[PDB]
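Colleague: Provided herewith is a single structure, encoded as structure tokens, for subsequent inquiry.
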Amino acid sequence: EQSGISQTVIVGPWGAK
Amino acid sequence: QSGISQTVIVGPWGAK
Amino acid sequence: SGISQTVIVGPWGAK
Amino acid sequence: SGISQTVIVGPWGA
Amino acid sequence: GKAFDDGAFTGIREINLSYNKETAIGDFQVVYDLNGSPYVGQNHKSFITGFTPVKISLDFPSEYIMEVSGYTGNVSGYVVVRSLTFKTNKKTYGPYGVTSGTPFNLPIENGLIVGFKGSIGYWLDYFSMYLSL
Amino acid sequence: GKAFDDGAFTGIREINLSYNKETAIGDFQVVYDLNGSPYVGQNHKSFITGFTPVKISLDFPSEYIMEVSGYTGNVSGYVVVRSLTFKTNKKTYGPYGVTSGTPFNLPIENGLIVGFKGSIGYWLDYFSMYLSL
Amino acid sequence: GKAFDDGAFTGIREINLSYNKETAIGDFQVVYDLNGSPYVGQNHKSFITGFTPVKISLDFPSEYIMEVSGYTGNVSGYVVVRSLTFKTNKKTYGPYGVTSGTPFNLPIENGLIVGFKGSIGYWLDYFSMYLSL
Amino acid sequence: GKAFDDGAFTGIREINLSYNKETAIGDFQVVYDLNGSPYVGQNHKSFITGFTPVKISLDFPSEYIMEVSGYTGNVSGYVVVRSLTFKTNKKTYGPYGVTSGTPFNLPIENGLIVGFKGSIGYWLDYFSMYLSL
Ligand SMILES: CO[C@H]1O[C@H](CO)[C@@H](O)[C@H](O)[C@@H]1O
Ligand SMILES: CO[C@H]1O[C@H](CO)[C@@H](O)[C@H](O)[C@@H]1O
Ligand SMILES: CO[C@H]1O[C@H](CO)[C@@H](O)[C@H](O)[C@@H]1O
Ligand SMILES: CO[C@H]1O[C@H](CO)[C@@H](O)[C@H](O)[C@@H]1O
């Protein structure tokens, strides 16, 4: 599974879960 | 550029 | 996964 | 700086 | 509310949000940097009016955000983002909103914020940030 | 007291810390994954003793931390991390310590914590995390 | 010639280049993916015309380039890129151009090409690639 | 041959390899940097002897590799790595081994080589490189 879509680190979410 | 690899760092928490 | 990934180029040589 | 970076390989050619 | 996801970019040039001192954050929009060209992100609008607009124009690329902090809490029964403060290497923008409730802070020691995603109904319900080197 | 910086690794196999219900977090040590093998991190110890040790053994690589949170507050004149909580995709470990003071939380939507840095005197004064894909 | 730098994106959806069986690569344009939506890149054109245009449409995001290779050589006294071949996890596109001169190849075991830069005069003189997870 | 995969690190401090001009590259071993500490990688040994030892001691972190190039070709019926050359921002080390066969080159504009993996029998059969910011 490698996708052609580049990944990025994401932090959160803050607020309603 | 440095010859040292870098990475994302978050914080600090606990006072600056 | 729980394993950090890294870009890898190659291989150069056989296969 | 405020500009994101990325690994770059090359160049190939002249 | 309506979920949004700007995606990741090369950096941040300007942030345009709106807030109400008695409620929470409303509109949220960002002009990112996409490999040297300003990228006008879509405006993510609150379903209601009544907010005060704020324009945060950074001196990109020398100026960049080093910490994002704020407060979450209930408004009309909804857990929302009530306040936001953006701190860069040059100055502090905010607090915008209502500084009460549960605080939160994301200090960045190394790296950059390069995108926002979240959800907005009457207010900003929640948000997340893309981080990169 | 004494600053520490483990730097970055490939993942996390185990966290070993200690705390005291009268005060705050004391020792902190991590067994990291380094390219498929365990790497035993430096043990960062409090200058004092009398703490309760706890071991957090993660089922690496399937289990990984998705959120870190806790409390910071005054302890005999120092503002330190009084409590820590680690939530993985599998379960929650903690709270360890005393849940009093102002809270903080780092939820991760994509990526991994791959290292820890900070400072410990009598207690854990502060800490930062390395994040990576 | 004219130097170009597209910068980095989130992936590649299409490559449109042109070549001439007697010389080398001429035009080069990429339709990138930018956060799930197409981003039409700048068309980097030769100072001359008469080339054969080619379109490489990738089944993004399932299909992606795994190896780029080709040839550099002399054309009227200039060392330029005479041929290119893009191999994805699904097929091979090319060779386009004259497969003569010195070969080069960039196999990628893990990661993605997410941008291009280089320079084009009468022909593609040289190029580099942005790589990312 | 016997496969090897050192994995990824913080940087490179020294490379210890061996070669034979009649044949190809033989031994390959690397002292990497692991968060400020030298990490002695395992010595991936050729099944046979008679090689000429080469030590490339980099002035880390000031000095770092900017390009790795070489040649692949047949020796006793096996397609292997016959030669290697390591160019840094300060010096060029090599070529080690005969420069015949199919050339290859990996120039790096931005980023660092941070690991090596491959396979060694009588000679280096193939290898890949970990790249990172
Ligand atoms: C009052 O309800 C609206 O506003 C809240 C708060 O923003 C949203 O959570 C909700 O889905 C609706 O859009
Ligand atoms: C009592 O003082 C010690 O402990 C505190 C709390 O850890 C540190 O901040 C301080 O520098 C000393 O090391
Ligand atoms: C004929 O000269 C032009 O074309 C060559 C090859 O493309 C370039 O190198 C050069 O600078 C000019 O632009
Ligand atoms: C003599 O054979 C050995 O050496 C060659 C060249 O390295 C390998 O390809 C092969 O599998 C064995 O390990």
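Residues are referred to by chain and number: the chain letter is A, B, ... according to the order shown in the structure tokens, the number counts from 1 in that chain, and ligands are numbered separately from 1 in the order shown.
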Using only C-alpha atoms and all ligand atoms, which residues have at least one atom no more than 7 Å from ligand 2? Output them as number ranges by chain.

Modeller: F: 1-2, 47, 78, 80, 120-125

Colleague: Using only N, CA and C atoms, please write the residues we just selected to a file, as a PDB file, in the first residue's frame.

Modeller:
ATOM      1  N   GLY F   1      16.955  21.790  36.040  1.00  0.00           N
ATOM      2  CA  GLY F   1      17.954  20.912  36.682  1.00  0.00           C
ATOM      3  C   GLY F   1      18.886  20.390  35.605  1.00  0.00           C
ATOM      4  N   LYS F   2      18.445  19.373  34.885  1.00  0.00           N
ATOM      5  CA  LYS F   2      19.287  18.810  33.839  1.00  0.00           C
ATOM      6  C   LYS F   2      18.490  18.625  32.548  1.00  0.00           C
ATOM      7  N   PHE F  47      16.519  14.429  40.680  1.00  0.00           N
ATOM      8  CA  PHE F  47      17.625  14.543  41.609  1.00  0.00           C
ATOM      9  C   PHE F  47      17.184  13.941  42.953  1.00  0.00           C
ATOM     10  N   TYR F  78       7.994  25.691  41.943  1.00  0.00           N
ATOM     11  CA  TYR F  78       8.353  25.410  40.551  1.00  0.00           C
ATOM     12  C   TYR F  78       7.126  24.992  39.782  1.00  0.00           C
ATOM     13  N   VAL F  80       5.883  22.690  37.089  1.00  0.00           N
ATOM     14  CA  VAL F  80       6.379  21.483  36.429  1.00  0.00           C
ATOM     15  C   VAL F  80       5.208  20.684  35.903  1.00  0.00           C
ATOM     16  N   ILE F 120      14.621  17.893  33.661  1.00  0.00           N
ATOM     17  CA  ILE F 120      14.182  17.354  34.941  1.00  0.00           C
ATOM     18  C   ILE F 120      15.161  17.780  36.026  1.00  0.00           C
ATOM     19  N   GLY F 121      14.584  18.343  37.094  1.00  0.00           N
ATOM     20  CA  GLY F 121      15.343  18.751  38.281  1.00  0.00           C
ATOM     21  C   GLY F 121      14.800  17.802  39.343  1.00  0.00           C
ATOM     22  N   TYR F 122      14.021  18.322  40.291  1.00  0.00           N
ATOM     23  CA  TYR F 122      13.392  17.422  41.267  1.00  0.00           C
ATOM     24  C   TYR F 122      12.261  16.720  40.514  1.00  0.00           C
ATOM     25  N   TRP F 123      11.660  17.462  39.585  1.00  0.00           N
ATOM     26  CA  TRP F 123      10.551  16.942  38.781  1.00  0.00           C
ATOM     27  C   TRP F 123      10.703  17.267  37.294  1.00  0.00           C
ATOM     28  N   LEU F 124       9.774  16.795  36.481  1.00  0.00           N
ATOM     29  CA  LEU F 124       9.834  17.085  35.052  1.00  0.00           C
ATOM     30  C   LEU F 124       9.372  18.578  34.869  1.00  0.00           C
ATOM     31  N   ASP F 125      10.301  19.486  34.606  1.00  0.00           N
ATOM     32  CA  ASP F 125       9.915  20.904  34.461  1.00  0.00           C
ATOM     33  C   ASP F 125       9.125  21.159  33.168  1.00  0.00           C
TER      34      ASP F 125
END

Colleague: Check every residue of chain E for an atom within 12 Å of chain H, counting only C-alpha atoms, and provide those that qualify as an MDAnalysis selection string.

Modeller: chainID E and resid 111 132:133

Colleague: At what distance in Å, to one decimal, does atom CA of residue 32 of chain F lie from atom CA of residue 130 of chain F?

Modeller: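 Atom CA of residue 130 of chain F sits 12.3 Å away from atom CA of residue 32 of chain F.
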
Colleague: For chain D, list the residues within 6 Å of chain G, counting only C-alpha atoms, and write the list as a PyMOL selection string.

Modeller: chain D and resi 7-14

Colleague: May I have the selected residues written with N, CA, C and O atoms, as a PDB file, in the first residue's frame?

Modeller:
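And here is the file that came out, again.pdb:
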ATOM      1  N   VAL D   7      13.096  17.306   0.032  1.00  0.00           N
ATOM      2  CA  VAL D   7      14.267  16.682  -0.546  1.00  0.00           C
ATOM      3  C   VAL D   7      14.266  16.925  -2.060  1.00  0.00           C
ATOM      4  O   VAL D   7      13.200  16.852  -2.727  1.00  0.00           O
ATOM      5  N   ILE D   8      15.422  17.269  -2.614  1.00  0.00           N
ATOM      6  CA  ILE D   8      15.521  17.439  -4.069  1.00  0.00           C
ATOM      7  C   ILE D   8      16.727  16.636  -4.603  1.00  0.00           C
ATOM      8  O   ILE D   8      17.820  16.739  -4.068  1.00  0.00           O
ATOM      9  N   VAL D   9      16.520  15.838  -5.648  1.00  0.00           N
ATOM     10  CA  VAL D   9      17.628  15.067  -6.223  1.00  0.00           C
ATOM     11  C   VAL D   9      17.774  15.546  -7.654  1.00  0.00           C
ATOM     12  O   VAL D   9      16.774  15.907  -8.322  1.00  0.00           O
ATOM     13  N   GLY D  10      19.022  15.571  -8.096  1.00  0.00           N
ATOM     14  CA  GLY D  10      19.348  16.024  -9.430  1.00  0.00           C
ATOM     15  C   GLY D  10      20.422  17.083  -9.276  1.00  0.00           C
ATOM     16  O   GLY D  10      20.949  17.297  -8.182  1.00  0.00           O
ATOM     17  N   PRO D  11      20.743  17.791 -10.363  1.00  0.00           N
ATOM     18  CA  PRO D  11      20.069  17.543 -11.639  1.00  0.00           C
ATOM     19  C   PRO D  11      20.722  16.485 -12.555  1.00  0.00           C
ATOM     20  O   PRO D  11      21.860  16.030 -12.336  1.00  0.00           O
ATOM     21  N   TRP D  12      19.963  16.069 -13.556  1.00  0.00           N
ATOM     22  CA  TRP D  12      20.476  15.173 -14.594  1.00  0.00           C
ATOM     23  C   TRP D  12      20.458  16.065 -15.858  1.00  0.00           C
ATOM     24  O   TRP D  12      19.527  16.892 -16.048  1.00  0.00           O
ATOM     25  N   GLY D  13      21.496  15.927 -16.680  1.00  0.00           N
ATOM     26  CA  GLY D  13      21.619  16.719 -17.889  1.00  0.00           C
ATOM     27  C   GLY D  13      22.952  17.444 -17.894  1.00  0.00           C
ATOM     28  O   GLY D  13      23.943  16.928 -17.369  1.00  0.00           O
ATOM     29  N   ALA D  14      23.007  18.625 -18.499  1.00  0.00           N
ATOM     30  CA  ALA D  14      24.249  19.395 -18.538  1.00  0.00           C
ATOM     31  C   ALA D  14      24.618  19.735 -17.103  1.00  0.00           C
ATOM     32  O   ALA D  14      23.896  19.216 -16.211  1.00  0.00           O
TER      33      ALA D  14
END

Colleague: Select residues of chain D: the criterion is any atom within 12 Å of an atom of chain B, counting only C-alpha atoms; output as a PyMOL selection string.

Modeller: chain D and resi 4-7

Colleague: Just list as a ChimeraX atom specification whatever in chain H DSSP marks as strand (DSSP E or B).

Modeller: /H:2-5,11-19,25-34,37-40,44,52-57,65-75,78-88,92-96,102-110,112-120,124-132

Colleague: Should the cut-off be 6 Å, what would the residue list for chain E against chain B look like, counting only C-alpha atoms, as a ChimeraX atom specification?

Modeller: /E:107-111

Colleague: Hey, list the chain C side of the contact with chain H: 8 Å cut-off, only C-alpha atoms, answer as a PyMOL selection string.

Modeller: chain C and resi 6-15

Colleague: Could you write those residues out with C-alpha atoms, as a PDB file, in the first residue's frame?

Modeller:
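Final output, out-v2.pdb:
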ATOM      1  CA  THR C   6      11.847   7.434   5.146  1.00  0.00           C
ATOM      2  CA  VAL C   7      12.281   8.179   1.420  1.00  0.00           C
ATOM      3  CA  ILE C   8      14.470   5.505  -0.240  1.00  0.00           C
ATOM      4  CA  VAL C   9      16.021   5.607  -3.686  1.00  0.00           C
ATOM      5  CA  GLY C  10      17.492   2.709  -5.631  1.00  0.00           C
ATOM      6  CA  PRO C  11      18.423  -0.066  -5.862  1.00  0.00           C
ATOM      7  CA  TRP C  12      21.368   0.304  -8.187  1.00  0.00           C
ATOM      8  CA  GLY C  13      23.024  -3.019  -9.116  1.00  0.00           C
ATOM      9  CA  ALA C  14      21.483  -6.458  -9.740  1.00  0.00           C
ATOM     10  CA  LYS C  15      17.890  -7.780  -9.723  1.00  0.00           C
TER      11      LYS C  15
END

Colleague: Set the distance at 6 Å and use only C-alpha atoms: which residues neighbour segment 1-3 of chain C once local chain neighbours fewer than 5 positions away are removed? I'd like the list as a CSV table (one decimal) with N, CA and C atoms, in the first residue's frame.

Modeller:
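out-v6.csv, written as the output of this step:
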chain,number,residue,atom,x,y,z
F,10,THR,N,12.8,5.7,15.3
F,10,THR,CA,11.9,5.1,14.4
F,10,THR,C,10.5,4.9,15.0
F,11,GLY,N,10.4,4.9,16.3
F,11,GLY,CA,9.1,4.7,16.9
F,11,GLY,C,9.3,4.5,18.4
F,61,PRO,N,4.8,-2.9,16.5
F,61,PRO,CA,4.4,-1.7,15.9
F,61,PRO,C,2.9,-1.4,15.7
F,62,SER,N,2.0,-2.3,16.0
F,62,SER,CA,0.6,-2.1,15.9
F,62,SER,C,0.0,-1.0,16.8
F,64,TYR,N,0.3,2.5,18.9
F,64,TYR,CA,1.1,3.7,18.9
F,64,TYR,C,0.3,4.9,19.6

Colleague: Write out as a tab-separated table a residue-level contact list of chain A versus chain E with cut-off 9 Å: for each qualifying residue the closest pair of atoms and the distance in Å to one decimal, counting only C-alpha atoms, rows sorted by chain and residue number upward.

Modeller:
residue	atom	partner	partner_atom	distance
A:8	CA	E:130	CA	6.4
A:9	CA	E:131	CA	5.3
A:10	CA	E:130	CA	4.4
A:11	CA	E:129	CA	5.4
A:12	CA	E:128	CA	4.4
A:13	CA	E:128	CA	4.5
A:14	CA	E:126	CA	5.3
A:15	CA	E:126	CA	4.1
A:16	CA	E:79	CA	5.0
A:17	CA	E:126	CA	7.6

Colleague: Take the residues from that selection and write them out as a compact mmCIF listing (two decimals), in the first residue's frame, keeping C-alpha atoms.

Modeller:
# COMPACT_ATOMS: atom_id res chain seq x y z
CA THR A 8 1.93 15.38 6.08
CA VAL A 9 1.95 15.42 9.84
CA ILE A 10 -1.37 16.66 11.26
CA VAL A 11 -1.93 17.73 14.85
CA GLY A 12 -5.33 18.15 16.47
CA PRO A 13 -8.23 18.48 16.47
CA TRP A 14 -8.94 21.00 19.21
CA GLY A 15 -12.61 21.79 19.90
CA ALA A 16 -15.52 19.36 19.59
CA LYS A 17 -14.46 15.72 19.27

Colleague: Which residues are close to residue 83 of chain G, i.e. within 7 Å by only C-alpha atoms, leaving aside same-chain residues fewer than 6 positions away? Reply as a list in words.

Modeller: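 Listing them by chain and then by number gives residues 24, 25, 70, 71, 95, 96, 97, 98 and 99 of chain G.
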
Colleague: Using only C-alpha atoms, which protein or nucleic acid residues come within 10 Å of residue 49 of chain F? Drop anything in the same chain fewer than 4 positions from it, and give the result as a list in words.

Modeller: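 After dropping sequence-adjacent residues, the list is residues 18, 19, 20, 26, 27, 45 and 122 of chain F.
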
Colleague: Those same residues - N, CA and C atoms - I'd like them written as a short mmCIF file (atom, residue, chain, number, x, y, z; two decimals), in the first residue's frame.

Modeller:
data_model
loop_
_atom_site.label_atom_id
_atom_site.label_comp_id
_atom_site.auth_asym_id
_atom_site.auth_seq_id
_atom_site.Cartn_x
_atom_site.Cartn_y
_atom_site.Cartn_z
N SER F 18 8.10 7.76 36.43
CA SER F 18 7.75 7.64 37.82
C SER F 18 7.06 8.93 38.23
N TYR F 19 6.23 8.85 39.27
CA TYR F 19 5.53 10.05 39.72
C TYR F 19 5.27 9.90 41.20
N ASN F 20 4.77 10.96 41.80
CA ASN F 20 4.47 10.95 43.22
C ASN F 20 3.17 11.74 43.36
N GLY F 26 8.48 12.37 38.03
CA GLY F 26 9.89 12.36 38.41
C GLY F 26 10.83 11.89 37.32
N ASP F 27 11.02 10.57 37.16
CA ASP F 27 11.94 10.06 36.15
C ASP F 27 11.19 9.82 34.84
N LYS F 45 16.69 10.95 35.26
CA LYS F 45 16.24 10.87 36.63
C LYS F 45 16.20 12.14 37.43
N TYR F 122 14.02 18.32 40.29
CA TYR F 122 13.39 17.42 41.27
C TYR F 122 12.26 16.72 40.51
#

Colleague: Which one of H:15, H:30, H:40, H:75 sits closest to ligand 4 if you count only C-alpha atoms and all ligand atoms?

Modeller: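 Closest to ligand 4 of all the choices is H:75.
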
Colleague: If we count only C-alpha atoms and set the cut-off at 8 Å, which residues sit around residue 55 of chain F, ignoring sequence neighbours fewer than 3 positions away in its own chain? Please answer as a PDB file with C-alpha atoms, in the first residue's frame.

Modeller:
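Dumped to part_32.pdb:
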ATOM      1  CA  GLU F  14       8.059   1.500  25.906  1.00  0.00           C
ATOM      2  CA  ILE F  15       7.792   4.408  28.275  1.00  0.00           C
ATOM      3  CA  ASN F  16       9.103   4.166  31.835  1.00  0.00           C
ATOM      4  CA  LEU F  17       8.296   7.000  34.162  1.00  0.00           C
TER       5      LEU F  17
END

Colleague: Which residue gives the smallest distance to ligand 3 among G:42, G:100, G:76, G:29, with only C-alpha atoms and all ligand atoms counted?

Modeller: G:76
